[PDB]
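**Student:** Input: one structure, supplied below.
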Number of protein chains: 4
Amino acid sequence: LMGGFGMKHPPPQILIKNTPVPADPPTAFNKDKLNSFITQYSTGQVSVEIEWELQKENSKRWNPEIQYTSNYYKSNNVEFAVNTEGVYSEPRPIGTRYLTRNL
Amino acid sequence: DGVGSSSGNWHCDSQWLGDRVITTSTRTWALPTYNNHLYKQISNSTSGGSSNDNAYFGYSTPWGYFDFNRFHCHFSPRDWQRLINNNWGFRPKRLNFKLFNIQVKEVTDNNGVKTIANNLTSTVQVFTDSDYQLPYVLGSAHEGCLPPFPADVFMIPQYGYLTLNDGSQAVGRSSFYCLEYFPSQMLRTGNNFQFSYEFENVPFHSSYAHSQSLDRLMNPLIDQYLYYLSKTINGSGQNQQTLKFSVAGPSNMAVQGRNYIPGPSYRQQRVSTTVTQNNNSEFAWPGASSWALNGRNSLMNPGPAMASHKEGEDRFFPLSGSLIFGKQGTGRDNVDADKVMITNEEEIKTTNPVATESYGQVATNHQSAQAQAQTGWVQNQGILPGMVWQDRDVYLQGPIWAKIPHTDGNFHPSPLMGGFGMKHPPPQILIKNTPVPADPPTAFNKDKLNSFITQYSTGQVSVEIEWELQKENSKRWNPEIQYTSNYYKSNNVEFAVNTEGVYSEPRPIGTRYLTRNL
Amino acid sequence: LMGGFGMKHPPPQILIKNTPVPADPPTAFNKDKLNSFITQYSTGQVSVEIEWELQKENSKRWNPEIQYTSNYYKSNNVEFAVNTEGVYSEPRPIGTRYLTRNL
Amino acid sequence: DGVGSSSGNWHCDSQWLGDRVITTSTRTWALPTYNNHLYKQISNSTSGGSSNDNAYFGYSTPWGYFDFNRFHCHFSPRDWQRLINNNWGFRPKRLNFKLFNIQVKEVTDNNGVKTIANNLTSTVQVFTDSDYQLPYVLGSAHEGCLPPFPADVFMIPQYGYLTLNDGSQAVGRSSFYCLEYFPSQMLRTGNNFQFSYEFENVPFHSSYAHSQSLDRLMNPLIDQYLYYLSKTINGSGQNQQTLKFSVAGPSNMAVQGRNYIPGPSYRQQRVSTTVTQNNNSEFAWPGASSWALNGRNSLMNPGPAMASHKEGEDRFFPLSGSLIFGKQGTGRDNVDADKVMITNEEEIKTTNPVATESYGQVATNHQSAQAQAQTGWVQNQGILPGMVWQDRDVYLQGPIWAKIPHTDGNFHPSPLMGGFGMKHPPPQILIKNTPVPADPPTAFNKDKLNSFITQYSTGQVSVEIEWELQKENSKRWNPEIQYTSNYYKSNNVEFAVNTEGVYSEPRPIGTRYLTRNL
């Protein structure tokens with residue numbers, strides 16, 4: 001209902017945890033589980049490569065087709081581009097439907 | 001390929017193989033010149049008809065088109081009788097279309113008299129749109145069919161297409177299609193045209209009317225093993241409350257468990273052919289069942305297929321639900337009832353609910369010692385699971401196919417009016433006769449030439465459809481009801497020409513006679 | 001200077017004339033050329049098929065690129081489409097330069 | 001490919017083949033972290049400098065880049081002397097670039113003291129842009145070169161790029177390039193990087209200074225066979241008018257017919273190094289030669305290549321025409337004249353007109369018995385046919401190449417500042433050290449991580465260029481003038497390190513000594 005592509009078997013969930021490393025336990029054996037660990041985190045890079053099939057416009061309509069453009073008026077900042085202080089921003093949502101087709 | 005030799009032979013027959021039919025129909029046509037070779041926009045504010053509810057913006061083109069989508073084009077009544085009495089269903093497998101013996105004539109009005117004379121050089125250009133790029137106008141059941149009767153010569157309708165509008169103004173998401181921007185074969189006297197088509201696989205139509213009702217699909221001798229709740233009261237008086245369960249037997253039929261339920265219903269108003277029974281008010285537009293889209297108010301003309309008169313009394317019919325055909329020679333407007341053939345669905349009555357009656361009843365409030373039970377009527381019920389419905393009957397005058405609009409979703413895309421819905425129907429065949437300009441001025445002028453030569457063309461069109469069949473296997477004992485000709489001495493043979501030459505069809509002919517079990 | 005593609009050998013000129021047919025001359029031989037002809041014209045169709053090579057946009061710029069669209073406001077007539085009386089019209093000129101590229 | 005083994009060997013040499021040179025230069029670098037791993041926009045209104053004439057809008061990126069486009073990076077002064085004294089011209093054939101022995105260190109400020117410690121896991125990511133998709137910032141002669149002296153360690157400049165602006169605001173035809181959207185190889189200690197490049201074919205540079213002037217390219221012994229108009233007057237007094245023609249001989253040199261003319265000139269203002277001669281007014285910006293583009297007023301810094309002092313008096317120089325280099329240790333602003341090396345073109349004086357002098361003179365009004373002849377000066381003359389010019393000299397501090405902007409047209413695309421213009425120069429090599437975020441908070445927060453670990457990296461860059469050569473064929477008798485070291489006992493060796501370690505270059509070194517005939 002929200003949108004997108006429903007799938008019986010979507011692309012799976014990818015879960016990640018950093019294995020615990022316990023801080024030095026006590027010398028005498030104790031039954032209880034170890035509640036003391038070492039503050040820890042990890043960092044890396046994730047490549048996500050999707051391949052998209054396409055369907056291309058065959059329409060023979062005469063006149064020009066409406067579609068999406070960038071306003072030309074001198075704005076203070078480039079839309080869909082970083083601010084002065086580094087913040088990235090998206091000015092307005094962008095639908096998928098511009099090209100026209102007959103029922 | 002010359003002026004002398006003919007470019008094709010008349011072929012009109014129906015050859016009946018056991019498992020399939022092939023119906024060729026060849027007729028002759030005449031194509032005038034529309035819009036003076038212009039494209040124009042038709043928006044209502046140019047033609048009037050000011051209102052919010054009727055608003056359209058669209059273009060009219062000079063092109064003509066062949067529309068054969070009705071059945072009677074392809075089937076003689078005797079081929080129809082032979083079809084629907086012997087068969088449980090049918091589907092078109094293929095289509096072949098030939099257009100030949102084209103001849104282009106040139107009219108001249110001189111000094112008050114008009115003389116027609118051949119034009120051997122001129123061309124008439126044709127194309128079939130196989131990519132479904134243009135709007136599809138065939139599926140709307142407009143007139144302009146091949147005539148029922150192979151003798152009559154007809155005129156070819158004008159192609160025009162509506163688009164988006166806000167009121168009478170175009171949005172600008174609107175499209176303009178220039179029909180002449182397509183690769184159209186053009187041909188002269190001595191050339192012919194043809195193409196072949198193969199219908200995409202669809203379901204067989206149902207030419208059978210069920211032999212047992214849905215509500216009564218059970219053994220009348222044996223009880224079910226399930227217990228309905230029979231009686232909630234011990235007896236009269238205060239504080240008499242019990243729960244008494246009973247077997248659902250033949251003695252009480254309505255209460256047995258049934259694992260299928262009837263099809264959906266969108267209720268219609270009930271209009272009686274007997275006049276004095278109907279109300280004395282203007283309920284035509286006001287009381288009608290409408291579906292609104294984008295602030296427009298549409299009317300519900302054929303709609304979820306559902307029975308009409310409910311059994312005993314046929315004196316009435318749905319206000320806008322039923323297909324309505326005009327008799328031969330019927331006036332244009334404010335036609336009296338008798339002059340119009342009102343189609344009636346009695347055969348769908350077992351599977352589907354009545355058009356004019358509520359779908360059912362539902363409980364509203366929770367009962368309590370204080371609060372009595374209360375139940376409201378269901379005016380509309382969409383598809384549920386385990387719901388069985390039957391499609392609307394298909395007539396001899398009714399449309400064969402329709403184009404299923406290209407969209408993300410559609411449910412049971414069988415056209416509401418009737419016939420065979422198809423993602424890729426048999427294409428539109430458009431025709432125009434190339435313009436020949438009258439003598440231009442000697443000095444070069446920039447403007448386009450607005451002066452042409454009055455011109456039209458004539459020829460023959462062979463439309464050959466191949467129909468797959470499904471044949472009756474039924475083992476029922478007694479005789480089966482089916483379609484016949486009344487024997488009483490009528491003044492004229494029904495489905496035959498009058499004294500003055502007019503061809504006429506007395507009454508509509510449904511497809512459903514043969515019976516089959518649910 | 002006006003625009004387009006200058007060529008040493010452009011696509012050639014295609015000239016057409018309909019051969020003269022003289023009206024009936026006089027019986028006695030006369031020296032002078034025939035000044036009397038038959039009013040005449042001809043009609044047909046011309047297919048002009050050009051093949052265009054292309055160069056396609058490789059630009060990696062982030063934000064959206066400005067380009068040409070049809071105004072969406074409810075106009076009386078579709079722009080670049082026929083009028084009510086049949087006249088075809090083009091509302092405004094259309095340049096070739098929208099896509100951007102670095103110097 | 002491990003922490004222990006080194007990823008490459010220092011290689012710095014110049015091996016001189018007869019027909020070509022190969023100059024390897026290996027130096028060590030340090031890359032800080034710019035902009036806190038942010039992109040930001042630099043538009044002047046954020047940095048001030050309010051005016052219409054200085055206006056810019058652009059982005060600053062964390063990425064650094066290697067700029068080696070100066071010559072002294074690749075050539076020791078002795079390789080330069082050996083180059084320009086023995087050769088009539090040169091062109092780069094190929095380029096090889098290696099980056100190795102990279103090591104990434106992690107700074108920590110604790111309790112007032114800052115401790116540096118290795119980081120073995122961290123990565124520094126690099127990419128060369130071979131498709132010329134990004135803006136090209138190298139060709140503008142910005143500082144940040146590989147240092148002249150192979151010992152010195154340097155810092156790597158920050159990459160930022162201007163775009164379109166209306167005042168301080170972006171138009172929206174402007175572009176934002178996210179440098180990190182490119183497929184950048186990333187590598188750790190134990191990895192190395194390299195690529196090879198092949199310069200596109202360009203013309204040889206001219207390292208020769210002509211041995212005969214353009215105006216004097218003729219036999220001094222022999223007359224021409226053409227007759228100039230010598231004398232238009234019979235003698236003094238009224239109505240004395242004649243046309244007297246004379247041979248153009250050696251006796252009158254200036255009047256002979258010459259079928260080539262000097263190159264174009266865009267005139268410059270004349271500023272004298274001797275101070276008391278110059279005017280007592282602020283002519284710096286007002287009196288300068290400018291080219292306006294889009295309402296901006298640019299200044300003409302190097303421009304059509306043209307001689308400067310005109311022959312006898314070198315006491316002056318063009319206001320903005322001449323390349324101007326700063327001496328080692330030169331202040332930033334309002335530097336005194338002596339502290340700055342003013343480059344002077346005397347070698348181009350034969351082919352090209354003087355920068356500070358008019359191109360010529362042209363007749364204005366038609367003469368008549370009543371109207372005397374009148375001639376105005378030509379302040380600017382663009383290219384004509386049969387015009388010969390010579391390109392600006394190329395120095396040891398000056399830029400090797402520039403990118404010829406991609407456009408529908410360009411004329412003689414040799415850069416005005418100097419060097420070798422190329423449609424596809426050797427690509428930009430950008431480098432950034434991947435960010436390592438400091439410990440995030442435990443509870444998930446939407447916002448991006450603004451806290452990182454102060455970090456930088458270090459390594460070595462081998463830049464190997466292959467130069468094609470053109471060698472002196474001249475048969476002139478006498479000795480040829482060329483470049484030498486003064487012999488007088490100076491306190492310090494020129495082009496050598498000072499007492500305190502500072503490296504310095506005393507004077508600029510042109511490429512033109514060897515002489516060649518027109």
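FYI, nothing fancy with the structure tokens labels: chains A, B, ... in order, residues from 1 per chain, ligands from 1 as they appear.
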Show me, as a Markdown table, the residues of chain A having an atom within 6 Å of chain B, each with the closest atom pair and its distance in Å, using only C-alpha atoms.
**Tutor:**
```
| residue | atom | partner | partner_atom | distance |
| --- | --- | --- | --- | --- |
| A:61 | CA | B:177 | CA | 5.0 |
| A:62 | CA | B:177 | CA | 5.4 |
| A:103 | CA | B:405 | CA | 4.7 |
```
**Student:** Can I get the selection written as a tab-separated table (two decimals), in the first residue's frame, with N, CA and C atoms?
**Tutor:**
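Generated output (part-v8.tsv):
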```tsv
chain	number	residue	atom	x	y	z
A	61	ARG	N	3.12	10.16	-29.39
A	61	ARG	CA	2.41	11.43	-29.28
A	61	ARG	C	3.21	12.54	-29.95
A	62	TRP	N	2.50	13.53	-30.48
A	62	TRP	CA	3.16	14.59	-31.23
A	62	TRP	C	3.87	15.58	-30.31
A	103	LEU	N	-4.66	4.72	-21.86
A	103	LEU	CA	-5.27	3.61	-21.15
A	103	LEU	C	-5.37	2.39	-22.06
```
**Student:** So that I can see what lies close to range 379-383 of chain B, please list as a list in words the residues with an atom at most 9 Å from it, counting only C-alpha atoms and leaving out residues fewer than 4 positions away in the same chain.
**Tutor:**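 Listing them by chain and then by number gives residues 263, 264, 265, 266, 267, 357, 358, 359, 360, 361 and 387 of chain B.
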**Student:** Convert the current residue selection to file output with N, CA and C atoms, as a PDB file, in the first residue's frame.
**Tutor:**
```
ATOM      1  N   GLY B 263     -22.252 -13.931  -6.468  1.00  0.00           N
ATOM      2  CA  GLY B 263     -21.385 -12.862  -6.900  1.00  0.00           C
ATOM      3  C   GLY B 263     -21.757 -11.497  -6.355  1.00  0.00           C
ATOM      4  N   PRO B 264     -20.911 -10.505  -6.623  1.00  0.00           N
ATOM      5  CA  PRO B 264     -21.112  -9.179  -6.040  1.00  0.00           C
ATOM      6  C   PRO B 264     -22.289  -8.464  -6.672  1.00  0.00           C
ATOM      7  N   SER B 265     -22.791  -7.456  -5.962  1.00  0.00           N
ATOM      8  CA  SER B 265     -23.940  -6.703  -6.439  1.00  0.00           C
ATOM      9  C   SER B 265     -23.762  -5.231  -6.130  1.00  0.00           C
ATOM     10  N   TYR B 266     -24.043  -4.394  -7.121  1.00  0.00           N
ATOM     11  CA  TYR B 266     -24.098  -2.946  -6.980  1.00  0.00           C
ATOM     12  C   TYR B 266     -25.505  -2.554  -7.388  1.00  0.00           C
ATOM     13  N   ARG B 267     -26.304  -2.100  -6.434  1.00  0.00           N
ATOM     14  CA  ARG B 267     -27.744  -2.138  -6.619  1.00  0.00           C
ATOM     15  C   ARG B 267     -28.208  -1.081  -7.615  1.00  0.00           C
ATOM     16  N   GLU B 357     -32.342  -5.815  -6.215  1.00  0.00           N
ATOM     17  CA  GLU B 357     -32.611  -6.244  -4.852  1.00  0.00           C
ATOM     18  C   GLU B 357     -31.324  -6.281  -4.039  1.00  0.00           C
ATOM     19  N   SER B 358     -31.463  -6.075  -2.728  1.00  0.00           N
ATOM     20  CA  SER B 358     -30.313  -6.003  -1.835  1.00  0.00           C
ATOM     21  C   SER B 358     -29.508  -7.289  -1.878  1.00  0.00           C
ATOM     22  N   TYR B 359     -28.201  -7.163  -1.653  1.00  0.00           N
ATOM     23  CA  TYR B 359     -27.360  -8.353  -1.642  1.00  0.00           C
ATOM     24  C   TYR B 359     -27.656  -9.231  -0.446  1.00  0.00           C
ATOM     25  N   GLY B 360     -28.144  -8.650   0.639  1.00  0.00           N
ATOM     26  CA  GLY B 360     -28.257  -9.413   1.866  1.00  0.00           C
ATOM     27  C   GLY B 360     -28.528  -8.513   3.045  1.00  0.00           C
ATOM     28  N   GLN B 361     -28.111  -8.982   4.213  1.00  0.00           N
ATOM     29  CA  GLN B 361     -28.408  -8.314   5.466  1.00  0.00           C
ATOM     30  C   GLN B 361     -27.260  -8.598   6.420  1.00  0.00           C
ATOM     31  N   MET B 387     -16.415 -16.584  -3.519  1.00  0.00           N
ATOM     32  CA  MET B 387     -17.568 -15.973  -4.155  1.00  0.00           C
ATOM     33  C   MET B 387     -17.586 -16.360  -5.624  1.00  0.00           C
TER      34      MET B 387
END
```
**Student:** Write out as a PyMOL selection string the set of residues from range 69-192 of chain B that DSSP, computed on the backbone, places in strand (DSSP E or B).
**Tutor:** chain B and resi 70+87-110+113-118+123-129+145+154-155+158-163+166+169+185-189+191
**Student:** Might you pull out every residue within 12 Å of residue 477 in chain D, with only C-alpha atoms counted and same-chain residues fewer than 3 positions away left off, and present them as a list in words?
**Tutor:**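 Once the adjacent positions are removed, what remains is residues 474, 480 and 515 of chain D.
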**Student:** Dump N, CA and C atoms for the selected residues as a tab-separated table (two decimals), in the first residue's frame?
**Tutor:**
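Now in again.tsv:
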```tsv
chain	number	residue	atom	x	y	z
D	474	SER	N	71.79	23.55	-36.21
D	474	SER	CA	72.20	24.82	-36.79
D	474	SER	C	73.66	24.81	-37.20
D	480	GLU	N	77.33	30.21	-29.92
D	480	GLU	CA	75.95	30.44	-29.57
D	480	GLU	C	75.82	30.87	-28.12
D	515	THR	N	69.54	29.83	-31.25
D	515	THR	CA	68.96	30.66	-32.28
D	515	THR	C	68.67	29.85	-33.53
```
**Student:** Neighbouring residues of range 287-294 of chain D were defined as those with any atom within 9 Å, considering only C-alpha atoms; residues of the same chain fewer than 5 positions away were excluded. Please report them as a ChimeraX atom specification.
**Tutor:** /D:266-269,282,299-301,319-321
**Student:** Write the residues you've just listed into a file as a compact mmCIF listing (two decimals), in the first residue's frame, and include N, CA and C atoms for each of them.
**Tutor:**
```
# COMPACT_ATOMS: atom_id res chain seq x y z
N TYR D 266 47.36 43.10 -28.25
CA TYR D 266 46.34 43.71 -27.40
C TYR D 266 47.11 44.55 -26.40
N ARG D 267 46.98 45.86 -26.50
CA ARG D 267 47.99 46.73 -25.91
C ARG D 267 47.89 46.76 -24.39
N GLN D 268 49.05 46.89 -23.75
CA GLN D 268 49.20 46.91 -22.30
C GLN D 268 49.72 48.27 -21.86
N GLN D 269 49.49 48.59 -20.60
CA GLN D 269 50.05 49.81 -20.05
C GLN D 269 51.51 49.59 -19.67
N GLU D 282 46.87 56.43 -9.18
CA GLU D 282 46.50 55.03 -9.03
C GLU D 282 45.97 54.48 -10.34
N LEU D 299 40.91 40.86 -15.67
CA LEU D 299 42.14 41.55 -15.99
C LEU D 299 42.91 40.72 -17.00
N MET D 300 43.66 41.39 -17.87
CA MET D 300 44.53 40.67 -18.80
C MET D 300 45.87 40.49 -18.10
N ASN D 301 46.06 39.31 -17.56
CA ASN D 301 47.33 38.74 -17.15
C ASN D 301 47.73 38.01 -18.42
N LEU D 319 52.17 46.51 -17.53
CA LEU D 319 51.51 46.56 -16.22
C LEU D 319 51.03 45.21 -15.75
N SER D 320 50.42 44.44 -16.63
CA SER D 320 49.86 43.17 -16.20
C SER D 320 50.20 42.08 -17.17
N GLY D 321 50.90 42.43 -18.23
CA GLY D 321 51.22 41.43 -19.23
C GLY D 321 52.20 40.36 -18.81
```
**Student:** For a quick test of understanding: name the residues of chain C lying within 9 Å of chain A when counting only C-alpha atoms, and present them as a ChimeraX atom specification.
**Tutor:** /C:62-72,78-81
**Student:** Please dump the current selection as a CSV table (one decimal), in the first residue's frame; keep N, CA, C and O atoms.
**Tutor:**
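Generated output (out25.csv):
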```
chain,number,residue,atom,x,y,z
C,62,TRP,N,25.8,15.6,-9.5
C,62,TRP,CA,24.9,15.0,-8.6
C,62,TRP,C,23.5,15.4,-8.8
C,62,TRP,O,22.6,14.6,-9.2
C,63,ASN,N,23.2,16.7,-8.6
C,63,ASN,CA,21.8,17.2,-8.5
C,63,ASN,C,21.0,17.0,-9.8
C,63,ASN,O,21.6,16.5,-10.8
C,64,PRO,N,19.8,17.4,-9.9
C,64,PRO,CA,19.0,17.2,-11.1
C,64,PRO,C,19.4,18.2,-12.2
C,64,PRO,O,19.7,19.3,-11.9
C,65,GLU,N,19.3,17.7,-13.4
C,65,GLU,CA,19.7,18.6,-14.6
C,65,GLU,C,18.4,19.3,-15.1
C,65,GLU,O,17.4,18.7,-15.2
C,66,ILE,N,18.6,20.6,-15.4
C,66,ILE,CA,17.5,21.3,-16.0
C,66,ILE,C,17.3,20.9,-17.5
C,66,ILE,O,18.3,20.6,-18.2
C,67,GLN,N,16.1,20.9,-17.9
C,67,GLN,CA,15.8,20.5,-19.3
C,67,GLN,C,14.4,21.0,-19.6
C,67,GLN,O,13.8,21.9,-18.9
C,68,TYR,N,13.9,20.6,-20.8
C,68,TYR,CA,12.7,21.2,-21.4
C,68,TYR,C,11.4,20.4,-21.0
C,68,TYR,O,11.4,19.2,-21.1
C,69,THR,N,10.4,21.2,-20.7
C,69,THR,CA,9.1,20.6,-20.3
C,69,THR,C,7.9,21.4,-20.8
C,69,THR,O,8.1,22.5,-21.3
C,70,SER,N,6.8,20.8,-20.7
C,70,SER,CA,5.5,21.4,-21.1
C,70,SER,C,4.9,22.0,-19.8
C,70,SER,O,4.8,21.3,-18.8
C,71,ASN,N,4.4,23.2,-19.9
C,71,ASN,CA,3.7,23.8,-18.8
C,71,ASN,C,2.5,23.0,-18.4
C,71,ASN,O,1.8,22.5,-19.3
C,72,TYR,N,2.2,22.8,-17.1
C,72,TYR,CA,1.1,22.0,-16.7
C,72,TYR,C,-0.2,22.8,-16.6
C,72,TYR,O,-1.3,22.2,-16.6
C,78,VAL,N,-3.7,22.8,-26.4
C,78,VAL,CA,-2.4,22.1,-26.2
C,78,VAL,C,-1.3,22.7,-27.1
C,78,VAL,O,-1.5,22.9,-28.3
C,79,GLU,N,-0.2,23.1,-26.4
C,79,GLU,CA,0.8,23.8,-27.1
C,79,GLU,C,1.5,22.8,-28.1
C,79,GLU,O,1.6,21.6,-27.8
C,80,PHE,N,1.9,23.3,-29.3
C,80,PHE,CA,2.4,22.4,-30.3
C,80,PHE,C,1.3,21.5,-30.8
C,80,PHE,O,1.6,20.3,-31.1
C,81,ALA,N,0.1,21.9,-30.9
C,81,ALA,CA,-1.0,21.1,-31.4
C,81,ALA,C,-2.0,22.0,-32.1
C,81,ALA,O,-2.1,23.2,-31.9
```
